[PDB]
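Chemist: Can you read through this structure? Questions will come right after.
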Ligand code: HEA
Ligand code: HEA
Ligand SMILES: [Cu+2]
Ligand SMILES: [Cu+2]
Ligand SMILES: [Cu+2]
Ligand SMILES: [Mg+2]
């Protein structure tokens, strides 16, 4: 198995640059929290 | 074992005997103390003695000091227990040249 | 549980940044949509 | 009839560093890609339909 | 009805609702006992430097803590069940009213003698006269005789609805194709409010219930002037 | 309106100072491009001086 | 060697404790929140006809 | 480490789970298109990728067990448990439908005529074809057993012969049941009697087809000498599933065809 | 017919699909200019 | 490579990580939905609109938190991560199938998201009861999509239930009896069984609902002789086991956390603890009807169900008291996880005590469909199931990642969330005793105070889940690698270091047969 091992390597996202990570976490959790808001908006704009 | 229980005097004896084994090694010395500490009691001076002497046999000064610290910690809020112990251990303490944690200043932060 | 010191420590400034960003990413989008609710309710 | 499981055992035990779903040849590969293609396309098509149906 | 900053149940307008208040007090007294007992034991456990991390014998204490909860449950169960049967009790009503839930209004039917039936709709907060309750006033109150055993029969003509009136300690779902029965018995005149207690669509929150209880005499004259 | 003049300053001290203290914690790093930019005075002298002057002084000969 | 808490502990505790109570008291009163407390004892009933 | 010393199977990364998950998406949303925007293209693609996935996923399993020898005793004991458990979840699936049936037939609503079978429904006769379907399924129970016994005794021809007889009886039932549906004087739309009948006997029908393609697969694996007199879980399972199927029919017969009609 | 079919041949087929696959795309492009589907134009 | 590792996995650790990632994200969506709910109820009037758009929101809140956050995290996340490690197994019994379980989830979630977009979404309540859920009162693809989402999520969970039971039973060291496996493993083995037996009945129910609205059947339609109540029985037969399926793995994690931070070797009364969960799991199957007290059933049967429901308090009691007994002589360590464990013990007690009240049919008549029941289940879910998830997450994070969290920050996070949830749900006991119904977008003027306070608490909770995201970021940004772990003699999961290698127990574990 050419699967790398150890801290920061057993995850599907890069943890090498703390700020790239910051961006990714922000989009990840961010898009998840915003979805309901935009769905309600979408429903409010129909007819 | 199961259902079979000892009286206090037997418990103590069993411990004094344990610590007195001449060919006792470091492992058994650690096991014994580490085990004794899981119980609901501050060990009798006589058990502590045997352990302090075992420390001497193994030329281990530091463990002898840590043993006394444990005795105090185990007394919890019962201030009167430690001094009485040290009192009964005074002879051995002097004979073996063992310093109390208080004397070494290890009781301060 | 013991651990080695941080290989790449995060100074307070760095934390303050990550904390602010983390907050904004949650509060902004929702705030915007919520801010315009009436416009939606009136088409 | 035949009985040639012995040939296949050998074929599949061959140390070619291939995953079982490909260890068997070229067809395994085309089947794989066809399957994968249909799935992804289908998934794309489905997303389109939902975007389409979301609207009045 | 419910007033501002209320903590417990609405005041009992009928006897089973009284009976319930007392049972709840009983039950609540116990949840206070247990919930405070647990909290005390917890803080007790976390407040000593003394240790005993070796093995501890279970089972022995395990009976105390298994037999005790068992006794307490009987102490709740008994009263509970008694009231339960007391509700589904053999009574003889002197009137039978029917109510039919509809998508966003209830309709009542008094049909023992004459075919009297009307619709009860919520008064739009816009057309409320001063002193009228925002989401609780209905245009046609269901008038009934105080101090009398009435038999209500709840059903629906569409989705599920639930006819409830807390002060009287009543709640019965309204299931299409079904006739659920309940005994109403107010022991005092007045206006008693309730609301649809079942999700039924867009205006689920806007289809209230208002009981108006007057003496027989006024009940019958009302009934006639109603057709 | 009036607060903005102060808060922007405060952001200045907080960011610059926490950053500056973070410079104090070992860990060698190498410069990012923004550092090289803003510390090369915007590159501006090193391009607007080595270039047009060359084309002219060349052109003038 | 004093830790983050030895030096800042009191500062944080206090300033934090202060900010909290300041902002909440304001929101709870300085804006238009309708708490709708019980009228019993505070409201004088007017005839409604 | 490096070389394992436990008797388990470390399966190679497979794209099939992803492929089958995507398939479920396609079939479900595809049914939604068929039911609402009248389209089957999506439903068609899903059924397709789904067969593709099952074929391959099971092809590999065969490869790993018969050709590669990963099915050690410990691995097999685990497969037995899995099958049992699966059959169990199925038993509870059918239980929703018998609950439904009994609920309706034991307390017939007035809109039905306050009786069972509801007025207007002309139930089939249990003593006619239903009785036949019963005897067919039951016989395949004895013949699949004969097959199993021949296999353990290494009797190639006979196991094949019995497995064949078993399979045709399963098909015979499918056809017979198919005709019953077509001749039935009631439909899915005939109130609760039709609902109750067509979905219970219907889901069971689907199961007889699923069980028959399974036995067919077993048939061919045997033609190819895959099974040894001692290691043939693929057959054990096919056999267990097949019995689950007779048993469900026995309850259907007695409950819906006999008692509730 | 039977002779052409072989266990060995698969790599060529896989290779052919890409070239074939690439070739297939060209026709759609080629057909589309002539076809002029409004939908194709919309794409 | 990435594909092979992350899309084509057969690794219990990686699949488990994939779950935690899915659960955390879904947890964001559910939190957003819970905020719109309190946003709408935080001031007398209508913010969004009619009970349809509102109830669409309430419905998605329930489905998301129950099926997409709690279940994936506890069973798929911790289940897959820890089980094999705790019994010394190389992996699970069916590595491939295990992967399908996970991949069935994102599509399932899509169908649910899609349902609230097309038409007017599904404003049916998480119970999606007919006639409201039918093709008349709820025409369109919405409910159908809600149903299909549930089918997939169910297929996913019973496939995994099959995997855990097989693994747990069949893959322990030859000398290890079942009465030698840890409480967490027992906890998921039992939860797995509840899923195997309840989930299929649900699928039977909603499939009947699906045909009723697309194939002209009348299982729940009086017209054809159907019965809307029949759906209630089927749904609730699954519906109750479902909540125990939700708290059991939590019970297990709590047993592990309390024991570890008490410095004890094992939990007090291990066999009593096994007995307790088994009893809880069983009684949980014969009490469904307590959810139907105001439906018109026979007084006698109504009496049976209140009694049957009450005896569940006994075994649950032996567990609460056992965790207390575990703390007894312990050398307590006030770590974040221990803080979560203590909160759970109390809060869960209160919430379950409050459920004993509702166990009474007589009293439930006036308590049913009110906010009292909303308080009951949020105490056992928001400060029960969730507190276990947080304690387990902060406790095992180092094992999963290899990095450590900032304990102080982690403690701040507990403080904030503890205040938030209590302020949110405490008032709701009153609103319910005083009559405020469930599923209302607006309420009579009297209920204004408590609803206001309640909504404010939900904003504090928002603050806490935002801070947590940061807390995870910082952990990964700083990179303090784990060195030493205590009590590993009695906690196998940690013996292979943090994080354990892709392949653990390649060479078994040696266990003597005394
Ligand atoms: C994980 C979640 C969870 C858990 C564990 C429970 C546990 C219990 N719940 Fe449940 N409940 C919900 C979540 C949960 N519930 C949900 C989601 C709903 C609403 C669904 C809907 O309709 O939308 C609900 C609804 C609900 C109802 C119906 C309300 C109505 O709509 O009318 C009832 C009534 O019986 C009930 C009762 C109970 C009981 C008796 C327990 C017991 O398990 C409690 C056991 C705990 C204790 C008893 C405390 C600890 C024990 C002791 C300290 C021993 C000593 C104590 C005594 C002697 C009392 N619950
Ligand atoms: C898991 C179960 C769950 C949880 C945790 C919650 C949490 C919340 N819910 Fe609840 N809710 C339900 C399940 C849940 N809910 C259900 C079943 C219903 C019934 C629906 C119906 O009536 O049909 C309901 C109904 C419901 C109502 C009643 C609406 C009505 O009937 O009119 C309200 C209103 O206040 C509400 C509010 C909230 C709030 C304020 C939170 C807040 O406490 C949320 C706080 C935020 C969190 C606790 C999530 C943070 C945790 C994570 C994000 C995990 C992070 C991941 C890692 C660490 C790896 N919910
Ligand atoms: Cu209604
Ligand atoms: Cu309603
Ligand atoms: Cu329940
Ligand atoms: Mg209800």
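Every residue gets a Cβ built from N, Cα and C, even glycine.
The N-formylmethionine annotation in Swiss-Prot covers E:1, and the record cites experimental evidence as its basis. According to Swiss-Prot, the topological domain 'Mitochondrial intermembrane' annotation covers E:1-14, E:88-227, on the basis of experimental evidence. Feature annotation from Swiss-Prot assigns transmembrane segment to E:15-45, E:60-87. Annotation source Swiss-Prot lists topological domain 'Mitochondrial matrix' at E:46-59, citing experimental evidence. Marked as Cu cation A1 binding site by Swiss-Prot on the basis of experimental evidence: E:161, E:196, E:200, E:207. Among the features that Swiss-Prot reports, Cu cation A2 binding site is placed at E:196, E:198, E:200, E:204, with the record citing experimental evidence. The Mg(2+) binding site annotation in Swiss-Prot covers E:198 and is backed by experimental evidence. Among the features that Swiss-Prot reports, phosphotyrosine is placed at E:218.
Are these features on the surface or tucked inside, and what touches them?
Modeler: Counted within 10 Å of its Cβ, the other Cβ atoms near residue E:1 (N-formylmethionine) come to 19, all protein chains included. Secondary structure from DSSP puts residue E:1 (N-formylmethionine) in coil.
Only residues 6 or more beyond the boundaries of the transmembrane segment (E:15-45), in the same chain, are considered here, and those with a CB under 8 A from a CB of the stretch are 8-9, 72, 75-76, 79-80, 83, 86-87, 166-169, 185, 187.
Tertiary neighbourhood of the transmembrane segment (E:60-87): same-chain residues 16, 19-20, 23, 26-27, 30, 34, 183, selected by CB-CB distance under 8 Å and a gap of 6+ residues from either end.
Counting residue by residue with DSSP, the topological domain 'Mitochondrial intermembrane' (E:88-227) contains 16 helix, 58 strand, 66 coil.
Within 10 Å of the C-beta atom of residue E:207 (Cu cation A1 binding site) sit 22 other C-beta atoms, taking all shown protein chains into account.
Sequence-distant contacts of residue E:200 (Cu cation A1 binding site), defined by Cβ-Cβ distance under 8 angstroms and a gap of at least six in the same chain, are E:101, E:103, E:104, E:158, E:159, E:160, E:161, E:207.
For residue E:198 (Cu cation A2 binding site), the number of other Cβ atoms no farther than 10 Å from its own Cβ, over all displayed protein chains, is 26.
Its Cβ taken as reference, residue E:218 (phosphotyrosine) is surrounded by 15 other Cβ atoms within 10 Å in the chains shown.
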Chemist: Tally the residues of the topological domain 'Mitochondrial matrix' (E:46-59) by DSSP class, grouping H, G and I as helix, E and B as strand, and everything else as coil.
Modeler: 0 helix, 0 strand, 14 coil
Chemist: Express the distance between the Cα positions of residue E:198 (Cu cation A2 binding site) and residue E:1 (N-formylmethionine) as a whole number of Å.
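Modeler: Spelling it out, the Cα of residue E:198 (Cu cation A2 binding site) and the Cα of residue E:1 (N-formylmethionine) are 19 Å apart.
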Chemist: Find the shortest Cα-Cα separation between residue E:204 (Cu cation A2 binding site) and the recorded positions E:1, E:196, E:218, and name the residue that gives it.
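Modeler: Given the candidates E:1, E:196, E:218, the nearest one is E:196.
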Chemist: Short question: which residues 6 or more past the ends of the topological domain 'Mitochondrial intermembrane' (E:1-14) have a Cβ under 8 Å from it?
Modeler: 20-21, 24, 133, 136, 166-169, 184-188, 190-193
Chemist: Going along the chain, which residues six or more apart from residue E:196 (Cu cation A1 binding site) have their CB under 8 A from its CB?
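Modeler: Residues satisfying the criterion: E:101, E:106, E:161, E:162, E:163, E:164, E:204, E:205, E:207, E:208, E:209.
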Chemist: Near ligand 6, which of the recorded positions E:1, E:198, E:200, E:204, E:218 are found, taking a Cβ distance under 6 A to any of its atoms?
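Modeler: Those recorded positions that pass the cut-off, since their Cβ is under 6 Å from ligand 6, are E:198.
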Chemist: Whole-number Å distance between the CA of residue E:1 (N-formylmethionine) and the CA of residue E:218 (phosphotyrosine)?
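Modeler: The Cα atom of residue E:1 (N-formylmethionine) is 23 Å away from the Cα atom of residue E:218 (phosphotyrosine).
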Chemist: Cβ within 8 Å of the Cu cation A1 site's Cβ centroid: which residues qualify beyond E:161, E:196, E:200, E:207?
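Modeler: Filtered neighbour residues, in order: E:101, E:103, E:104, E:106, E:162, E:174, E:197, E:198, E:201, E:203, E:204.
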Chemist: Please work out the number of neighbouring Cβ atoms within 10 Å of the Cβ of residue E:204 (Cu cation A2 binding site), leaving out its own Cβ.
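Modeler: I get 29 for this one.
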